[PDB]
Amino acid sequence: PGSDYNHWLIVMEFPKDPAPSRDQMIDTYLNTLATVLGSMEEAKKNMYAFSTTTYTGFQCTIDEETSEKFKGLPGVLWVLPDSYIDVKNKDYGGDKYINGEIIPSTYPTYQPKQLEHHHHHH
């Protein structure tokens, strides 16, 4: 549902100690994408959304083969296909990254389906 094997959510892990700032995390997302894509220019072009609160990860337009390259990388916890949270607006959720400019998300606390926790029904 918006999932087409060319939009990928990459969930990461950060130091606690000094808590990374929000800008540090954005930079780290782009750093990670840039190492796989081989260029910072192409990372800035292909990162379209991210969170630093609800989850600590980013979402990018890369193909399936490319997404596999993230699974070994230090700091990467999950590589999962992204999907719409709002079909009408083709909204993938999370804050939007548009060539450096950040658009805060419409539903910031909304948990994406890919990161659902299953709660045992006792």
# chains A, B, ... in the order shown; residues from 1 in each chain; ligands from 1
>>> select_by_dssp(residues="chain A", states="strand (DSSP E or B)", output="ChimeraX atom specification")
/A:8-12,47-52,56-60,76-81,86,91,95-98,101-103
>>> closest_atom_pairs(of="range 65-104 of chain A", to="range 32-42 of chain A", cutoff="12 Å", atoms="only C-alpha atoms", output="tab-separated table")
residue	atom	partner	partner_atom	distance
A:65	CA	A:36	CA	11.0
A:66	CA	A:36	CA	7.5
A:67	CA	A:36	CA	8.8
A:68	CA	A:36	CA	9.9
A:69	CA	A:36	CA	6.7
A:70	CA	A:36	CA	7.2
A:71	CA	A:36	CA	10.9
A:72	CA	A:36	CA	11.1
A:73	CA	A:32	CA	8.5
A:74	CA	A:32	CA	9.3
A:75	CA	A:32	CA	9.1
A:76	CA	A:32	CA	9.0
A:99	CA	A:41	CA	9.9
A:100	CA	A:41	CA	11.2
>>> atom_distance(atom1="CA of residue 115 in chain A", atom2="CA of residue 13 in chain A")
14.2 Å
>>> atom_distance(atom1="CA of residue 27 in chain A", atom2="CA of residue 63 in chain A")
21.7 Å
>>> closest_residue(among="A:12, A:49, A:84, A:4", to="residue 25 in chain A", atoms="only C-alpha atoms")
A:12
>>> closest_residue(among="A:53, A:78, A:7, A:58", to="residue 107 in chain A", atoms="only C-alpha atoms")
A:53
>>> atom_distance(atom1="CA of residue 50 in chain A", atom2="CA of residue 17 in chain A")
22.2 Å
>>> residues_around(residues="residue 87 in chain A", least_positions_apart="4", cutoff="10 Å", atoms="only C-alpha atoms", output="mmCIF file with N, CA and C atoms, in the first residue's frame")
data_model
loop_
_atom_site.group_PDB
_atom_site.id
_atom_site.type_symbol
_atom_site.label_atom_id
_atom_site.label_comp_id
_atom_site.auth_asym_id
_atom_site.auth_seq_id
_atom_site.Cartn_x
_atom_site.Cartn_y
_atom_site.Cartn_z
ATOM 1 N N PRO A 1 0.835 -1.215 0.000
ATOM 2 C CA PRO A 1 0.000 0.000 0.000
ATOM 3 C C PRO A 1 0.875 1.273 0.000
ATOM 4 N N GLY A 2 1.313 1.692 -1.187
ATOM 5 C CA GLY A 2 2.492 2.529 -1.319
ATOM 6 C C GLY A 2 3.786 1.746 -1.309
ATOM 7 N N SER A 83 5.543 2.248 3.505
ATOM 8 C CA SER A 83 4.184 2.237 2.991
ATOM 9 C C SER A 83 3.498 3.538 3.391
ATOM 10 N N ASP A 91 1.205 9.934 1.412
ATOM 11 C CA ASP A 91 2.061 10.309 2.535
ATOM 12 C C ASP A 91 2.678 9.054 3.139
ATOM 13 N N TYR A 92 4.008 8.991 3.155
ATOM 14 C CA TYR A 92 4.678 7.852 3.756
ATOM 15 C C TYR A 92 4.866 8.005 5.258
#
>>> residues_around(residues="residue 64 in chain A", least_positions_apart="6", cutoff="9 Å", atoms="only C-alpha atoms", output="PyMOL selection string")
chain A and resi 5-8+81
>>> closest_residue(among="A:61, A:56, A:24, A:105", to="residue 86 in chain A", atoms="only C-alpha atoms")
A:105
>>> decode(residues="chain A", atoms="C-alpha atoms", output="PDB file, in the first residue's frame")
ATOM      1  CA  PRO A   1       0.000   0.000   0.000  1.00  0.00           C
ATOM      2  CA  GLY A   2       2.492   2.529  -1.319  1.00  0.00           C
ATOM      3  CA  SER A   3       4.897  -0.389  -0.899  1.00  0.00           C
ATOM      4  CA  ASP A   4       6.634  -1.049  -4.226  1.00  0.00           C
ATOM      5  CA  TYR A   5      10.094  -2.392  -3.230  1.00  0.00           C
ATOM      6  CA  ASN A   6      11.599   1.035  -4.040  1.00  0.00           C
ATOM      7  CA  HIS A   7      10.784   2.841  -0.775  1.00  0.00           C
ATOM      8  CA  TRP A   8      12.628   1.597   2.310  1.00  0.00           C
ATOM      9  CA  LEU A   9      12.500   2.408   6.004  1.00  0.00           C
ATOM     10  CA  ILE A  10      15.914   2.019   7.642  1.00  0.00           C
ATOM     11  CA  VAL A  11      15.773   1.954  11.450  1.00  0.00           C
ATOM     12  CA  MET A  12      18.876   2.803  13.410  1.00  0.00           C
ATOM     13  CA  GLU A  13      20.393   2.860  16.850  1.00  0.00           C
ATOM     14  CA  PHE A  14      22.241   5.723  18.511  1.00  0.00           C
ATOM     15  CA  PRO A  15      24.458   6.358  21.532  1.00  0.00           C
ATOM     16  CA  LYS A  16      22.599   7.273  24.730  1.00  0.00           C
ATOM     17  CA  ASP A  17      25.366   8.945  26.866  1.00  0.00           C
ATOM     18  CA  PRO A  18      25.260  12.394  25.256  1.00  0.00           C
ATOM     19  CA  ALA A  19      21.923  12.072  23.515  1.00  0.00           C
ATOM     20  CA  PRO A  20      22.475  12.814  19.806  1.00  0.00           C
ATOM     21  CA  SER A  21      20.812  16.035  18.836  1.00  0.00           C
ATOM     22  CA  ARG A  22      18.087  16.001  16.216  1.00  0.00           C
ATOM     23  CA  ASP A  23      20.486  17.471  13.643  1.00  0.00           C
ATOM     24  CA  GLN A  24      23.107  14.836  14.476  1.00  0.00           C
ATOM     25  CA  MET A  25      20.594  12.110  13.733  1.00  0.00           C
ATOM     26  CA  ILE A  26      19.537  13.652  10.432  1.00  0.00           C
ATOM     27  CA  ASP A  27      23.206  13.935   9.421  1.00  0.00           C
ATOM     28  CA  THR A  28      23.811  10.328  10.499  1.00  0.00           C
ATOM     29  CA  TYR A  29      20.900   9.159   8.327  1.00  0.00           C
ATOM     30  CA  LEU A  30      22.390  10.939   5.318  1.00  0.00           C
ATOM     31  CA  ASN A  31      25.886   9.679   6.174  1.00  0.00           C
ATOM     32  CA  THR A  32      24.612   6.102   6.243  1.00  0.00           C
ATOM     33  CA  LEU A  33      22.687   6.433   2.982  1.00  0.00           C
ATOM     34  CA  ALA A  34      25.668   8.177   1.373  1.00  0.00           C
ATOM     35  CA  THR A  35      28.069   5.334   2.194  1.00  0.00           C
ATOM     36  CA  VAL A  36      25.791   2.808   0.502  1.00  0.00           C
ATOM     37  CA  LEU A  37      24.952   5.026  -2.491  1.00  0.00           C
ATOM     38  CA  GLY A  38      28.539   6.231  -2.844  1.00  0.00           C
ATOM     39  CA  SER A  39      27.651   9.937  -2.877  1.00  0.00           C
ATOM     40  CA  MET A  40      26.197  12.545  -0.508  1.00  0.00           C
ATOM     41  CA  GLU A  41      24.494  14.213  -3.466  1.00  0.00           C
ATOM     42  CA  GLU A  42      22.484  11.057  -4.210  1.00  0.00           C
ATOM     43  CA  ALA A  43      21.640  10.538  -0.538  1.00  0.00           C
ATOM     44  CA  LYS A  44      20.244  14.075  -0.267  1.00  0.00           C
ATOM     45  CA  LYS A  45      18.186  13.386  -3.400  1.00  0.00           C
ATOM     46  CA  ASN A  46      16.752  10.057  -2.241  1.00  0.00           C
ATOM     47  CA  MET A  47      16.001  10.593   1.438  1.00  0.00           C
ATOM     48  CA  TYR A  48      12.378  11.754   1.620  1.00  0.00           C
ATOM     49  CA  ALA A  49      11.348  11.214   5.261  1.00  0.00           C
ATOM     50  CA  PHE A  50      12.644  10.318   8.731  1.00  0.00           C
ATOM     51  CA  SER A  51      11.870  10.411  12.422  1.00  0.00           C
ATOM     52  CA  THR A  52      13.969  11.268  15.446  1.00  0.00           C
ATOM     53  CA  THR A  53      11.255  10.549  18.004  1.00  0.00           C
ATOM     54  CA  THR A  54       8.661   7.859  17.261  1.00  0.00           C
ATOM     55  CA  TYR A  55      11.453   5.866  15.647  1.00  0.00           C
ATOM     56  CA  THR A  56      15.078   6.741  14.902  1.00  0.00           C
ATOM     57  CA  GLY A  57      15.351   6.013  11.203  1.00  0.00           C
ATOM     58  CA  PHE A  58      14.937   7.305   7.682  1.00  0.00           C
ATOM     59  CA  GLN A  59      13.035   6.407   4.511  1.00  0.00           C
ATOM     60  CA  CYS A  60      14.564   6.497   1.038  1.00  0.00           C
ATOM     61  CA  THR A  61      13.914   5.680  -2.610  1.00  0.00           C
ATOM     62  CA  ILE A  62      16.387   2.896  -3.390  1.00  0.00           C
ATOM     63  CA  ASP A  63      15.858  -0.439  -5.036  1.00  0.00           C
ATOM     64  CA  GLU A  64      15.676  -3.776  -3.233  1.00  0.00           C
ATOM     65  CA  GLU A  65      19.249  -4.789  -4.094  1.00  0.00           C
ATOM     66  CA  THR A  66      20.492  -1.510  -2.601  1.00  0.00           C
ATOM     67  CA  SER A  67      18.417  -1.915   0.591  1.00  0.00           C
ATOM     68  CA  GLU A  68      20.148  -5.254   1.276  1.00  0.00           C
ATOM     69  CA  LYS A  69      23.454  -3.399   1.591  1.00  0.00           C
ATOM     70  CA  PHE A  70      22.228  -1.786   4.833  1.00  0.00           C
ATOM     71  CA  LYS A  71      21.631  -5.007   6.786  1.00  0.00           C
ATOM     72  CA  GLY A  72      25.220  -5.505   7.894  1.00  0.00           C
ATOM     73  CA  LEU A  73      26.021  -1.890   8.642  1.00  0.00           C
ATOM     74  CA  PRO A  74      26.795  -0.740  12.204  1.00  0.00           C
ATOM     75  CA  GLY A  75      23.858   1.067  13.766  1.00  0.00           C
ATOM     76  CA  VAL A  76      21.247  -0.401  11.405  1.00  0.00           C
ATOM     77  CA  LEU A  77      18.568  -2.447  13.200  1.00  0.00           C
ATOM     78  CA  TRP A  78      15.885  -2.944  10.526  1.00  0.00           C
ATOM     79  CA  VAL A  79      15.511  -2.582   6.780  1.00  0.00           C
ATOM     80  CA  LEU A  80      11.789  -2.682   5.991  1.00  0.00           C
ATOM     81  CA  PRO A  81       9.591  -1.683   3.028  1.00  0.00           C
ATOM     82  CA  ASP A  82       7.893   1.668   3.554  1.00  0.00           C
ATOM     83  CA  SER A  83       4.184   2.237   2.991  1.00  0.00           C
ATOM     84  CA  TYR A  84       1.621   5.026   3.014  1.00  0.00           C
ATOM     85  CA  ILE A  85       0.019   6.263   6.195  1.00  0.00           C
ATOM     86  CA  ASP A  86      -2.417   8.259   4.009  1.00  0.00           C
ATOM     87  CA  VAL A  87      -3.339   6.958   0.541  1.00  0.00           C
ATOM     88  CA  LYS A  88      -5.049  10.179  -0.571  1.00  0.00           C
ATOM     89  CA  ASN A  89      -1.945  12.341  -0.027  1.00  0.00           C
ATOM     90  CA  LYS A  90       0.559   9.582  -0.896  1.00  0.00           C
ATOM     91  CA  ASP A  91       2.061  10.309   2.535  1.00  0.00           C
ATOM     92  CA  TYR A  92       4.678   7.852   3.756  1.00  0.00           C
ATOM     93  CA  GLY A  93       4.718   9.372   7.245  1.00  0.00           C
ATOM     94  CA  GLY A  94       7.477  10.879   9.344  1.00  0.00           C
ATOM     95  CA  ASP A  95       8.981  14.326   8.944  1.00  0.00           C
ATOM     96  CA  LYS A  96       9.727  15.120   5.317  1.00  0.00           C
ATOM     97  CA  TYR A  97      13.211  15.931   3.981  1.00  0.00           C
ATOM     98  CA  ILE A  98      13.057  18.144   0.877  1.00  0.00           C
ATOM     99  CA  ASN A  99      16.591  19.119  -0.206  1.00  0.00           C
ATOM    100  CA  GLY A 100      17.692  20.073   3.309  1.00  0.00           C
ATOM    101  CA  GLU A 101      14.358  21.621   4.305  1.00  0.00           C
ATOM    102  CA  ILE A 102      12.365  19.772   6.974  1.00  0.00           C
ATOM    103  CA  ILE A 103       8.567  19.584   7.017  1.00  0.00           C
ATOM    104  CA  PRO A 104       7.362  18.243  10.409  1.00  0.00           C
ATOM    105  CA  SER A 105       4.915  15.368  10.069  1.00  0.00           C
ATOM    106  CA  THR A 106       1.123  15.604  10.234  1.00  0.00           C
ATOM    107  CA  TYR A 107       0.833  12.794  12.837  1.00  0.00           C
ATOM    108  CA  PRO A 108       4.174  12.837  14.694  1.00  0.00           C
ATOM    109  CA  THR A 109       3.351  10.181  17.326  1.00  0.00           C
ATOM    110  CA  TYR A 110       1.730   7.765  14.839  1.00  0.00           C
ATOM    111  CA  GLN A 111       3.400   4.358  14.892  1.00  0.00           C
ATOM    112  CA  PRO A 112       4.038   3.065  11.347  1.00  0.00           C
ATOM    113  CA  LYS A 113       2.617  -0.360  10.602  1.00  0.00           C
ATOM    114  CA  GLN A 114       6.103  -1.709   9.919  1.00  0.00           C
ATOM    115  CA  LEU A 115       7.130  -0.938  13.520  1.00  0.00           C
ATOM    116  CA  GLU A 116       3.951  -2.259  15.224  1.00  0.00           C
ATOM    117  CA  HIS A 117       4.402  -4.054  18.519  1.00  0.00           C
ATOM    118  CA  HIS A 118       2.228  -7.128  18.900  1.00  0.00           C
ATOM    119  CA  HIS A 119       0.491  -7.013  22.281  1.00  0.00           C
ATOM    120  CA  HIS A 120      -0.460 -10.381  23.768  1.00  0.00           C
ATOM    121  CA  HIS A 121      -4.200 -10.674  24.385  1.00  0.00           C
ATOM    122  CA  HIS A 122      -4.439 -12.485  27.731  1.00  0.00           C
TER     123      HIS A 122
END
